[PDB]
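Protein chains in written order, with the deposited numbering: chain V, 2 to 52, 68 to 192, 262 to 277, 286 to 329, 353 to 563, 573 to 620; chain P, 32 to 359; chain C, 32 to 359; chain X, 169 to 226; chain E, 994 to 1038, 1061 to 1532. Note that CB positions come from ideal geometry on N, CA and C, so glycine has one too. Inspection log for the structure reproduced underneath, given as structure tokens.
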Amino acid sequence: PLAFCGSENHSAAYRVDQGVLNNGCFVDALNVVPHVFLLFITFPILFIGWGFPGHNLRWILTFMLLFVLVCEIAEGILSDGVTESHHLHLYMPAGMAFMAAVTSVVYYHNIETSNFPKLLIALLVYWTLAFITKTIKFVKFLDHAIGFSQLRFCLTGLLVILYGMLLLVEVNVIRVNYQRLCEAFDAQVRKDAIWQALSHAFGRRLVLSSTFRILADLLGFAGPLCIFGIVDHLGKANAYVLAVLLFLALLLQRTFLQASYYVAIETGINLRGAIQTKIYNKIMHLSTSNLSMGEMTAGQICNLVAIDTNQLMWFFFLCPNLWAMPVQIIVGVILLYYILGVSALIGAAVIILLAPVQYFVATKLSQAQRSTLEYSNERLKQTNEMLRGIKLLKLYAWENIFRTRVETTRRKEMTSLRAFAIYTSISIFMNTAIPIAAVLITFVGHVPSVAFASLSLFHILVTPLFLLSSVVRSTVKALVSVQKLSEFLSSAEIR
Amino acid sequence: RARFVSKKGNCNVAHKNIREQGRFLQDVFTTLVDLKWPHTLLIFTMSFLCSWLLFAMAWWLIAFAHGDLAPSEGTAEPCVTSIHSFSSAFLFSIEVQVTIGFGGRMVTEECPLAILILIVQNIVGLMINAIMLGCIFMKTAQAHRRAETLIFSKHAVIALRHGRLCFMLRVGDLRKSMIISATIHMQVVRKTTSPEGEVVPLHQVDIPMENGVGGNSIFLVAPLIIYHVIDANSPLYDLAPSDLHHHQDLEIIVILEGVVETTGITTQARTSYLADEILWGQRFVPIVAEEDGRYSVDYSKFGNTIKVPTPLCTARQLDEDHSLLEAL
Amino acid sequence: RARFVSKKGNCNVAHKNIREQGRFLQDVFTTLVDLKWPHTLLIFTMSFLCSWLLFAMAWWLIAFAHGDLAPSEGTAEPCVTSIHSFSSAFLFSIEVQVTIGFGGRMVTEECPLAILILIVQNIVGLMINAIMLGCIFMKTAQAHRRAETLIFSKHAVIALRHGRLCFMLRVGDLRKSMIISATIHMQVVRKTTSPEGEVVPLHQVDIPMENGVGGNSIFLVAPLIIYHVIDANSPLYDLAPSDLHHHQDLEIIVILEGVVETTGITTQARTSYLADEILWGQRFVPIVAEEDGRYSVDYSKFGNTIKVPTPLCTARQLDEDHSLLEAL
Amino acid sequence: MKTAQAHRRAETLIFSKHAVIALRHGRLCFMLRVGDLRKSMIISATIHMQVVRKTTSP
Amino acid sequence: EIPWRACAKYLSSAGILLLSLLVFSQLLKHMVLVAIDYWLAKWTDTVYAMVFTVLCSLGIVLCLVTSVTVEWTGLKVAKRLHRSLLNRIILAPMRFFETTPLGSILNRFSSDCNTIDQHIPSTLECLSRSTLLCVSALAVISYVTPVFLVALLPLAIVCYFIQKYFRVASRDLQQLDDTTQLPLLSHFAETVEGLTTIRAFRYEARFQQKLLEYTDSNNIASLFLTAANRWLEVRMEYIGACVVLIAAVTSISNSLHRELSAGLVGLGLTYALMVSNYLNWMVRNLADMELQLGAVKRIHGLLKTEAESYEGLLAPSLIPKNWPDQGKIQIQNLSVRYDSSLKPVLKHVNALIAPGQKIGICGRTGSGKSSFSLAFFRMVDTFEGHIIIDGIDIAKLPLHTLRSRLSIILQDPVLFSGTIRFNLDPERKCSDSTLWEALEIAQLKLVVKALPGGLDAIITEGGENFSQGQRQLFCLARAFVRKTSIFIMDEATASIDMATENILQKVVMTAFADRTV
Ligand SMILES: Nc1ncnc2c1ncn2[C@@H]1O[C@H](COP(=O)(O)OP(=O)(O)OP(=O)(O)O)[C@@H](O)[C@H]1O
Ligand SMILES: Nc1ncnc2c1ncn2[C@@H]1O[C@H](COP(=O)(O)OP(=O)(O)OP(=O)(O)O)[C@@H](O)[C@H]1O
Ligand SMILES: Nc1ncnc2c1ncn2[C@@H]1O[C@H](COP(=O)(O)OP(=O)(O)O)[C@@H](O)[C@H]1O
Ligand SMILES: [Mg+2]
């Protein structure tokens, strides 16, 4: 085992010589040598510090090289699917070349950009040697080899020319508003509590991004189908096509996820803009006897335009998943009853019982959060006033008194926050520990691709749960936030 | 405020725009020998490993090219006996360059190129071993912390002695070893302006220390007090209380230079005192005391000072008022 | 014009007719250790190769003389087992002197002379290895360019300072390392004639530098200005503008001597200024400046000077006219 | 320690076989010559002249 | 570097038993989940079932202890940070506050500690499980196919380079986000604070346009942030997809031509899928934690404060209880300055003050007289000379008593948000008769009688409930409740009408005949 190109006793002649360069294995390995040369000659002279013509052209050539190196690695790994000996001469040189080029760029910009030039003779020699070896491989690849997978010939000539361009570069350098308008219109249309107008003017984009998210996680959810197919086909040339189809499914999946998330974040930003505008307008119409006598303070007024708006922004970031997830879970049940759980998926009943437990976590956390936020506003005004005029507190020497007074409010707030953290840890653990319970139950309830496809799909189904854990938190926070907004937008208005 | 020297002796200087550079890779050689022990060890290990792998790829590749890995016909004789994998060639490389050479893996005359590789690897092994030995020796023969066992007081004072105003600070050695040819240089640094117009940003003036000879030789066993008598010639002859403070352009650099007792190398310690660390009208509490046939030196309260009533005017005004009192 | 010292510190002196010479081959030993890296490496490699071939010819020749190459009868036992060509004897020599000794090529008791050759080659190998190690160590333990990181200004000036005429030049260190016990010697060189008749071709006079103590200790961190106050005692006390020019018999040698921080060796830098490089009535542009908690030192415009109006007569005539103005 | 030594650098520093005494700046001065034979430089060259005789205390 | 030191300070603010529990519980939980489903794949090709269940129980209890660990460590870190920050910033001298803007030091107690105590635990557990699941899946996909290593070692470097590029862009981009967001809140403050003058000037439209421009600018900044995030996430996700393809096809080829199992085939492809799903979450959560730990480092740097020197070089038993006698004051050479770089605003001043119930200081403005007032409480540097209060120097008393036993009335009235009792009585040790007395002698009780609560009505926001006159009156009142035999007023008549002025003056000089004003 671990043969370079040895498979059988027939490959026990895969190293005989009627001319070494006729042996593809030999030129294949000779390609490996210069890479290891540079690698293990530039390690120490790099660890010592770690422990220009065509500069951008060098960058661009390097990127092209990294590209074709990765492609060659893929080709080589693929080209070992028919043989049963892992003859790795196909791809070991590729990965070695890759690491070598990376090391090369690192060493360059770590020596000449930093320390001193006129040491690049090493990189020079490496480019020469690699170019030589690849030219040899190409020449002997022109006539002798069958060159069936022509991509091999193409990448070979490509690397030849690209090493040539690199060596050229080396010797060359050796020679030397609208949203707020609609928001106000919606508020007027609703009034003749903000959520009404908010949705009525803004929800098409929300449900649009949520539609993208639903289509996405459905397509992604259609991946254990691929897995089950893989395994029960390998049981007894269709698996390659199906794995490529999985790759394509993942691509479409994530390109739809990006679209949904980008639309949602655009919506959140537009909403933040509109609400800041409306708040500032209300301020412009606001009375002063209120700010003086009854309720509000400049501190918390700016505190809301900061934190309230941030909370709404993040919540409207994270809400389209809050709508898309139910489709995911119901399709989960559907697809389990259709595949390999054609009956007796009792483990899902735990997920059914989960949702009410999660909603109870939500409401209990809200009970915690109301007190948390009221004591936070308390402590916040406390420290505001305590730092506004401090010369008094210094002179009259009341530092200790006010310090302890603030400490009392801080301690009450900390108690509320302790309850909050208990609840969120409850939520996190329930969330992370129901899937293992589910898989245990569904598997032991029986008493080869079936239980494992279940395993994968239940991981896919536990993925959105991991985000819902904090989605519900942001939800409660935005609840209290909009409550504060509805409180503030009902004050006096000087005619 | 851009201290010229840190309390530990670090020069906070920015050396911008140095035109010529890149002499040779012996500079990075010294960079190697002057480096942290684990990373130096790592560099040595990777040097040996890279050597072994390079020549191992070599032996493997040659044996492969001799058409020796495949046939095993028997009538043929390998470049090197009994290697049948890169693992074998790698073990062979170790056995060779480390000069172990068990014997199951032996060079045979059939390949002149193999003999060439043997010669090359032997030379490389000898040279790399010699380099590693020189590095590790030059590195472990260093104290490199003898400059960190020489301490100074965190503050400096100015007091009266023989009726004259004198600048003082404490210095002490922590190791029980002796320092050889201990020498002191106190040097005031400020931005002076010439009486002819020019200005010198970090102008330096060697303020001479006080000593029986007037030289610079001290004998540091017990932590003593380096002091300068503020004569009319001293740059501090125009210094006053209430002038020294963190926002005052003034610094005093103290430089101790002495040969280490064991090794013939010469260590140097630097410290600085600017116009906020220089206490006024205080004297260091004596930490030396007689013990049961010994001298106990309490290095606690080392830089501990105590206030002593002193005049509040310049040494210039000291001499003026003293002559005013002595003229009658 | 036969500069006594080159700007880089090379002594352009011709040492003709040295009678006694040829002490011993340790002089050429030092010649070896003080030499270029590739040629030193080549010398080491050829040392090992010549050793290996010499003893290889030896082993081959002895095995041949034992009548062992030809017969292969079997009943006989060779001086050394399994050598059948000079190639074999050469591989054996490598295996021995390098102490590899695989084992297929082994000495047998049958030849006392072979044991003798073994002893001799072991001694030679040990001694030659020790010599190579000492050479490579003494060679790579050297900085040898620390004298090239100490720069001086390409020119020197003379200006006014404290009303007195003073000679000035700039000096700076490029490495971030410290120099230990930095010492300066300025020394004027000219062809003087004794008031009693004799003449001294390259007569030298140590012109003392100016310092707070009057000593020679400097502390080179930022590139500072070495300057000499032209007193009546100074040999330049009779120097004037329009007298200094490329055809003027006058030179000033500056010598910096200091221990390298890391190694206890003492480096020296030399530079020279003759009557054309000595600018008059200029002052060096200050390159030191305050930066964000640091001192930026722009080593560009390092030796950059600027003209400043100054008298155009000798320090002698300076003092005469100054007394003429102060006598009333 | 043996081959790292010059040990003959003290033999390449020569002095004159004789010394003279003459006039210089009207004053009587004792003189002798010293020279280095190697092209290498000497570092921190220092001279100590020291008269030796059998003196008798007053 | 920056993340290393920031996160290290964060965790060092917690215990070490907590970091042990956290780290080791994470390693155990994730590694055991990996081990259990690996062994399940082994269960494909019985007491095995019993031990499978017991491993599941191990997983669930480890996750429980993980969750409690994270919650409690977040709690402790937040509490310690806030408490120390308060107790240290409150220790700072007047120079800190008079030099550093109050909004800057307030933003820390306002948002930064808030950011910590309700955003860092969440992001922490998120990226913790993200990165460790990712690394575990990586190890397993490496094991189930030894070929994938030569594809992974490239992939880590590609990841590294491009995420470094993104983060070096994101530092500058977030700096720009902040320099665009600060003007917003600054404008909101400068609007709420001066709304009366604005509505008087009627220039509402101009300021609305200014805020509209600020809003558009900040939205454009956030859009740039979003676009960069999309760029990097698309990149890293296509990376993860290619990784999935590699690992999957490799395991396929291997097994159906050199069999190992079907279960391990599944494991390979599934952990590939898992990497693809959780890599981007690892990276995004890493970015978020880097932001939050930048805030933590900010608070830690603010914690590097100036001392106070409250420890006075004296013996608290040597100073008598009723220390201030009739109140002689001998000041001499009292050369003072605010900071070391400042000029000696008041210099070479001597004055002997016997008792006598009053003295007087006058002069034009800029004469440095409020400074002369500050000299009694060592707020000014007083670098030369000294004051002597009937027996002892001032530079030897603890600043606490030094400022507790001597009264003062400042020019600008500074009040507190609360009821009258609290404004007058910080401590609850003062009979209300003394309160009514201190109000009547300052001509307030006649106002309070018309006030429904009765030393009970609320004062709002530093005093926005009365006139500047009335505010200064309350200041005098709370300065009168002290039994000091000496005190000082700093132009406490600028807001007083002549009639109240004369009446107050006569009343205070009759009431304080023994006290030195
Ligand atoms: N910025 C620098 N970096 C390194 N070495 C320098 C620098 N400036 C001067 N030197 C060294 O000092 C010696 C004398 O410098 P010189 O006065 O000729 O510089 P210069 O001609 O003024 O150049 P520049 O105008 O760029 O400073 C030179 O031989 C050079 O090696
Ligand atoms: N040309 C020379 N080369 C080397 N060494 C010399 C030379 N001349 C003199 N010395 C050394 O200087 C020492 C004292 O010199 P001395 O005055 O004896 O020279 P000398 O005998 O007069 O020779 P010459 O007549 O050549 O000057 C001698 O011991 C000799 O070794
Ligand atoms: N916090 C401060 N920082 C710096 N300088 C100050 C400060 N407070 C006052 N000054 C300086 O002190 C002078 C007057 O001091 P002060 O007595 O407070 O005012 P006045 O003399 O009007 O009573 C002013 O010229 C001002 O520049
Ligand atoms: Mg004032």
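Exposed unless 16 or more other CB atoms sit within 10 angstroms - verdict on C:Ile167: By the Cβ-count criterion, C:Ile167 is buried, with 16 or more other Cβ atoms from all chains shown falling within 10 Å of its own Cβ.
Is P:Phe198 helix, strand or coil when you go by DSSP? Strand at P:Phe198.
Figure out for me which residue from C:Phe60, C:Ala358 and C:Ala120 has the closest Cα to the Cα of C:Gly165. Of the candidates C:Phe60, C:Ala358 and C:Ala120, the residue whose Cα lies closest to the Cα of C:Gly165 is C:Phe60.
Run through the DSSP bridge pairs and tell me what P:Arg192 is partnered with. Answer by DSSP bridge pairing, in chain order: P:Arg195.
Tell me whether the stretch 1397 to 1405 of chain E and the stretch 1339 to 1353 of chain E touch, counting them as touching only if at least three CB pairs, one residue from each stretch, are closer than 8 Å. Between the stretch 1397 to 1405 of chain E and the stretch 1339 to 1353 of chain E, the count of Cβ pairs shorter than 8 Å is three or higher; the stretches touch.
Start and end residues, beta strand (DSSP E) containing V:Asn10: No beta strand (DSSP E) holds V:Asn10; DSSP gives it neither H nor E.
If you scan the stretch 1449 to 1497 of chain E from start to end, which runs of the alpha helix (DSSP H) of 4 or more residues do you find wholly inside it? For the stretch 1449 to 1497 of chain E, whole alpha helix (DSSP H) runs of length 4 or above, ordered along the chain, are 1460 to 1464 and 1483 to 1495.
Residues of the stretch 1347 to 1358 of chain E with a CB closer than 8 Å to any CB of chain P: list them in chain order, please. Hits within the stretch, in order: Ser1350, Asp1354, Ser1355 and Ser1356.
Looking at P:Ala271: is its Cβ nearer than 8 Å to the Cβ of P:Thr214? No, they are not a contact pair.
Cβ atoms of C:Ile210 and P:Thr297: under 8 Å apart, would you say? Not in contact: P:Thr297 and C:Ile210 (Cβ atoms no closer than 8 Å).
Would you mind sorting E:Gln1483 into buried or exposed? The rule is 16 or more other CB atoms within 10 Å of its CB. Exposed, since its Cβ has fewer than 16 Cβ neighbours within 10 Å.
Can you list, in chain order, every residue whose CB sits closer than 6 Å to a heavy atom of ligand 1? Answer in sequence order: P:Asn48, P:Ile49, P:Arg50, P:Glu51, C:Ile182, C:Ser184, C:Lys185, C:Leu205, C:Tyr330, C:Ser331, C:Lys332, C:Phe333, C:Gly334 and C:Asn335.
If I measure Cβ to Cβ from E:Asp1030 and keep anything under 8 Å in the same chain, skipping five residues before and after, which residues do I get? Excluding residues within five positions, the ones whose Cβ falls inside 8 Å are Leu1282.
8 Å Cβ cutoff met for E:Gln1372 and E:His1134: Contact: no.
Helix, strand or coil: how does DSSP classify V:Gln264 here? If DSSP states are grouped into helix, strand and coil, V:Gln264 belongs with the helices.
Sort out for me which residues DSSP pairs P:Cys42 with in a bridge. P:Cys42 pairs with P:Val36.
Check each residue of the stretch 128 to 141 of chain C: if its Cβ is closer than 7 Å to any Cβ of chain P, include it; give the result in chain order. Those would be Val129, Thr130, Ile131, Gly132, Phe133, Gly134 and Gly135, in chain order.
Which same chain residues end up closer than 8 Å to C:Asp274 when comparing Cβ atoms and leaving out the 5 residues on each side of it in sequence? Cβ neighbours of C:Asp274 within its own chain (closer than 8 Å, five residues either side excluded): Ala306.
With C-beta atoms as the reference, is residue 566 of chain V less than 8 Å away from V:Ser101? Since the numbering of chain V jumps from 563 to 573, residue 566 of chain V cannot be located in this structure.
V:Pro436 to V:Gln416, Cα distance in whole Å? When rounded, the distance between both Cα atoms is 30 Å.
Once DSSP output is grouped into helix, strand and coil, what is the label at P:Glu282? P:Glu282 falls in the strand class under three-state DSSP.
In the DSSP output, what is P:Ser303 paired with across the bridge? The bridge partners DSSP lists for P:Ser303 are P:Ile284.
Our contact map puts E:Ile1501 next to E:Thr1531 with C-beta atoms below 8 Å; I'd like the distance itself, whole angstroms only. The beta-carbon separation of E:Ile1501 and E:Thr1531, rounded to 4 Å, stays under the 8 Å limit for a contact.
Any contact between the stretch 1078 to 1098 of chain E and the stretch 997 to 1011 of chain E? By contact I mean 3 or more CB pairs, one from each, below 8 Å. Three or more pairs of CB atoms, one per stretch, sit closer than 8 Å, so the stretch 1078 to 1098 of chain E contacts the stretch 997 to 1011 of chain E.
Alpha-carbon spacing of V:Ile320 relative to V:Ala460, whole angstroms: For the pair V:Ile320 and V:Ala460, the Cα-to-Cα distance works out to about 21 Å.
Spell out the partners DSSP gives C:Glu322 in its beta bridges. DSSP lists C:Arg325 as the bridge partner or partners of C:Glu322.
Which residue comes first and which comes last in the alpha helix (DSSP H) that contains P:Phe121? That run of the alpha helix (DSSP H) goes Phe117 to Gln128.
Can you check which of these residues, E:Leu1491, E:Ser1143 and E:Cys1149, is closest to E:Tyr1286 by C-alpha distance? Across the set E:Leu1491, E:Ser1143 and E:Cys1149, the C-alpha of E:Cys1149 shows the shortest separation from the C-alpha of E:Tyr1286.
So, at 8 Å on beta carbons, what are the nonlocal neighbours of C:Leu144 in its own chain, with the 5 sequence-adjacent residues on each side left out? Counting only Cβ-Cβ distances below 8 Å, and skipping sequence neighbours, we find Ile93 and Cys110.
Does P:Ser273 come within less than 8 Å of chain E when only Cβ atoms are used? Yes, P:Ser273 counts as interfacial toward chain E.
Any heavy atom of ligand 3 closer than 7 Å to the Cβ of E:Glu1321? No, since every heavy atom of ligand 3 falls outside the 7 Å radius drawn around the Cβ of E:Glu1321.
Beta-carbon of P:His186 versus every beta-carbon of chain E: anything under 8 Å? No, P:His186 lies away from the interface with chain E (no Cβ there is under 8 Å from its Cβ).
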